[PDB]
Amino acid sequence: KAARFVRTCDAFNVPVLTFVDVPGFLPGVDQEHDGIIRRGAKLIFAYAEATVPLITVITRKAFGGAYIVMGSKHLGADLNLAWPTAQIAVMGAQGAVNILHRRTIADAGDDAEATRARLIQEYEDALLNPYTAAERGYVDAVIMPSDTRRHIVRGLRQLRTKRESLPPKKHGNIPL
Amino acid sequence: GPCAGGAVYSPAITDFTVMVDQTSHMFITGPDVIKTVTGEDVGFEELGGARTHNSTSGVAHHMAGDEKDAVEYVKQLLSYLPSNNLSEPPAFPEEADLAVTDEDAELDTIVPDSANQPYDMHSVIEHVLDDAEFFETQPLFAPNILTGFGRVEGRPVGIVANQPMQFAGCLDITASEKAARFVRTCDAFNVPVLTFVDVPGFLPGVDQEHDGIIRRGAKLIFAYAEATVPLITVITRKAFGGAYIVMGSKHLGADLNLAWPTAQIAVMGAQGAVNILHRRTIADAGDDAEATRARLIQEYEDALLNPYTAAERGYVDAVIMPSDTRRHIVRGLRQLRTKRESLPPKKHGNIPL
Amino acid sequence: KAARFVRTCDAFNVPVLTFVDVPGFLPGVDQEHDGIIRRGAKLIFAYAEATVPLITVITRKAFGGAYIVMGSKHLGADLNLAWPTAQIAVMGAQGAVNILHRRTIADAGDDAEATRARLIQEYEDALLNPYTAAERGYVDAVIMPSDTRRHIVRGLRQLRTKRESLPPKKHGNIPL
Amino acid sequence: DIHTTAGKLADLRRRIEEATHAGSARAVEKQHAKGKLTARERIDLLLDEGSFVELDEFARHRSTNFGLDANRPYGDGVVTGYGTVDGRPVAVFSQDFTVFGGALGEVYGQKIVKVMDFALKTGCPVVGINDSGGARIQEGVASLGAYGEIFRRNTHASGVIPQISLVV
């Protein structure tokens, strides 16, 4: 759905604003057995391919692959913003701990969860925010939710003269 | 090996993806996280195993026995494409036999008299390609259509054709997507696309329509219309409605469109066509209703179901003898290889997704 | 005279309005011996090559090579209009009947000159009009002489943004 | 038969026969009698031996004007195709005077075009062998339209691809 739009907007010099809050991809054998791969890839193809101004705002959830897909600066986005309510993490805390803490979670069967659910809180409090990504630059800035418009406005003013072009080719080869 | 999560998307974008039997897997969400969310029970190999993607998802292009057969594959794959788009695919030029080989003749009888009896398309292709060597891609996915590579006079080509052996060489969702993406691949890298046609129409089914056949079937046409590499199309038998249009027809910018006498290019099946043209003349004289509806169908298929109607309008540049298909493609690419054609300027097109 | 003008008006982005009413090419031996075959071919080359808005209005006569030449649509015209008083035919009725009806008139030397006059009438009354071409799309419309200005107006509005170009070349090779 | 694969083939052979013999057995004699060679003979003498590949061979017209539908010869008056000359690619149309006086028609012109669009897109010359007796008067303006689309190609390709006219 989105993929087709981003491209429609690109071919016609229309700036694309994108608001993020995605937990991840709907789990289901069907998805896999229906090529979710060759079809979900389209969305990143559009964004990476795009050349019109791209402004991405993450309002809340933003995890793993999904994050990448939703107009991430890793796809060429020009300005990526994130609210303080946002959570930019490689993955969910719950599932994140069941991996990183395997040999340290088995120990002490006594309180097997007051050391887990307790450790989970440490993650969602240390990594489930935007400051990690922002720390490096994956996000141009964290801003007061109320400044979204002011940002999108004063922002697009600068990008309306954006010059970008992909390598020369007859056409591309987007996953069909 | 394993390819899980967003990582799977990099292979999606790339051109050809090769897999090995149970030695590698591809999936966005793990088989475990799937159960804890829906309750579905599936094993790795079944969720994203090589056999799965090489026949269900359409994400894989080849399933090899072991890592050795795979590496050898990709090498072949590379031998048909150029090192980049700024150049034609490599070549090992060698003049061809301009006469009619005993193999060529074999085609004169490859198509049975029975409009319902299937013949193996591979055989048709192997007769035009050097050393009858046909390098096929995605052989397990969308069997109703074949897409691969080969060489004609040493120069790499690309092949798309309908397989009557499977589902009567029909066009459907999986088929359109298979071919389309292939055609655009052969186009992006200056590989000509030979296409052999024989299709009755589009596979019926509410699932088709509901699963978006309208937006996915176009893919094939867009691919063909968009292409600029040399386009040579051979019609061996079936050619009905949009199915004919879709298969690199002249209306899509094809350069040379051949047609065997054993081919029928018509708007729709004779059996169903008359049920609309004579719905009136048939109602009358109930006396032998089906002895008229049958007489008509016969006069139709005997008058319209052939290539000559089109051949007049110029939709096909000639009605050739099966045994001359190879001599045609050969002496036809020699000219087309210098084909200069371009599309209107644009960031990129907007193909259906 | 026209050739060099249509080219001048093209080379400098000046749309060319064309008003037609021609019987054919002035007959004469001197003409043939002077180079009408190539000196007249200029006109069509000038028109074919042209890539500016070309609006053609046929007021009356339009016969054979003469029609073609005068900014016809077969040369790249954008809007070819025709008044109800337009004679778009391959040739004049007078001569057309001599060839078309030779044996169908030879019969009865007497009552022949009236069989001719009759034919000539049946012909022109059914062929020397614009409606023929009007079916093959050769003329974009048959208008009312009253809407000529209104048509050229609302029409030059759409074509003023037409992008046309010929194959790349050092230069053409027009007759001389 | 004709419903079998062997008859459908044999049928073709039959067609390629009357096709290369569209003109009358007398029109050819006449042609030769004047020293002129048949259209298909002009092509063979020009192109490299066995390099000629014909396009639009079995094409016919659809003009019911003045009962012309009673004579719908394959090729409709002109032999167009491509082939080589001294090893180099060349496109060529040969007007067949032994058919309707070799007068330009709708399908007759369309062919000459299909070849000029092919000769330009592949960048090869266009040897034109003329013999046209005039416009096919029965079709009216259609024959004028044909002459046009051709004149336009002559220009658009003027200087882009060698264009040689053989007036015989």
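Structure determination for the deposited model, as stated in its record, used X-ray crystallography, and the stated resolution is 2.60 Å.

Per the PDB entry, chain D carries the name propionyl-CoA carboxylase complex B subunit and comes from Streptomyces coelicolor.

Named according to the PDB entry, chain B is propionyl-CoA carboxylase complex B subunit originating from Streptomyces coelicolor. Heading Sequence similarities (unreviewed entry) of the UniProt record for chain B holds this comment: "Belongs to the AccD/PCCB family."

K.L.:
An account of the overall build of chain D is requested, with residue identities and associated values reported.
P.N.:
Scanning chain D from terminus to terminus reveals five helices and five strands. The C-alpha radius of gyration computed for chain D amounts to 16 Å, which stays within 12% of the reference 15 Å derived for 168 residues, consistent with globular compactness. The buried share of chain D, taken over its 168 residues, is 55%. Carbon and sulfur atoms form 53% of the exposed surface of chain D, whose accessible area is close to 6900 Å². Side-chain charges in chain D split into 20 positive and 21 negative, and the spacing between the mean points of these groups amounts to 3 Å.

K.L.:
Before we move on, can you summarise the overall build of chain B with the specific residues and values?
P.N.:
Looking only at helices and strands, chain B features 16 helices and 12 strands. Taken against the 2.2 N^0.38 rule, which gives 20 Å for 353 residues, the C-alpha radius of gyration of chain B at 22 Å falls within 12% of a compact globule. Once the C-alpha set of chain B is aligned to its principal axes, its extents read approximately 70 × 55 × 45 Å. A total of 353 residues make up chain B; the buried ones form 57% of that total. Within chain B, contacts between residues at least 6 apart in sequence are counted, and of these 73% link residues at least 24 apart. With the model as given, the accessible surface of chain B reaches about 14600 Å², and the carbon-plus-sulfur share is 55%. Counting 29 positive and 48 negative side-chain charges, chain B places the centres of these two groups 8 Å from one another.

K.L.:
Which residues make up empty space enclosed by the protein, and what values go with them?
P.N.:
Taken as a whole and assessed by the stated rule, the structure comprises seven cavities of 30 Å³ or more. Each pocket or cavity is described by its volume, and for the largest cavity that value is around 180 Å³. Only α3 (36-49) of chain A together with α1 (9-13) and α8 (173-188) of chain B provide two or more residues apiece to the lining of the largest cavity. For the lining of the largest cavity, the element with the highest residue contribution is α8 of chain B, accounting for five residues. Its residues assigned to classes, the lining of the largest cavity shows eight nonpolar, five polar and five charged. Considered as a void within the structure, the second largest cavity measures approximately 60 Å³ in volume. If you trace the second largest cavity, you find it lined by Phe25, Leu26, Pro27, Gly28, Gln31, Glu32 and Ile36 of chain A together with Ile28, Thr29 and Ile34 of chain B.

K.L.:
Quick one: what's the story with the interface of chain D and chain C, residue by residue and with numbers?
P.N.:
Counting residues at the interface gives 23 residues for chain D and 30 residues for chain C. Inspection of the region where chain D meets chain C yields one salt bridge. Linking chain D to chain C there are five residue pairs in polar contact. The leading source of residues in the side of chain D that touches chain C is helix α5 (residues 142-156) of chain D, at 11 residues. Of the residues belonging to the side of chain D that touches chain C, the class tally is 11 nonpolar, nine polar and three charged.

Criteria and cut-off values
Residues numbered from 1 in each chain as written, not as in the entry; some residues may be left out. Chains lettered and ligands numbered in written order. Part of a larger assembly, values for the part shown. Heavy atoms only, no water. UniProt positions renumbered as here; feature names shortened; annotations may be inferred. Helix = DSSP H or I, 4+ residues; strand = E, 2+ residues; numbered from the N terminus. Rg over C-alpha atoms; globule rule 2.2 N^0.38 Å. Buried < 20%, exposed > 50% of the residue type's maximum accessible area, 1.4 Å probe, protein only. Areas by Shrake-Rupley, 256 points an atom, 1.4 Å probe, with all protein chains shown as cover. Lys, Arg positive; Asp, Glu negative; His and termini not counted. Charge placed at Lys NZ, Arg CZ, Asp CG, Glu CD. Contact = heavy atoms within 4.5 Å. 1 Å grid on protein atoms, 1.4 Å probe; cavity = no way out; pocket = protein on both sides within 12 Å on 5 of 7 lines; lining within 4 Å. Points joined across faces, edges and corners; volume = space filled by probe spheres on them. Nonpolar A, V, L, I, M, F, W, Y, C, P; charged D, E, K, R; others polar. Salt bridge = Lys/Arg side-chain N within 4 Å of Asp/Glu carboxyl O. Polar contact = N/O pair within 3.5 Å; in protein donor to acceptor, adjacent residues only side chain to side chain.

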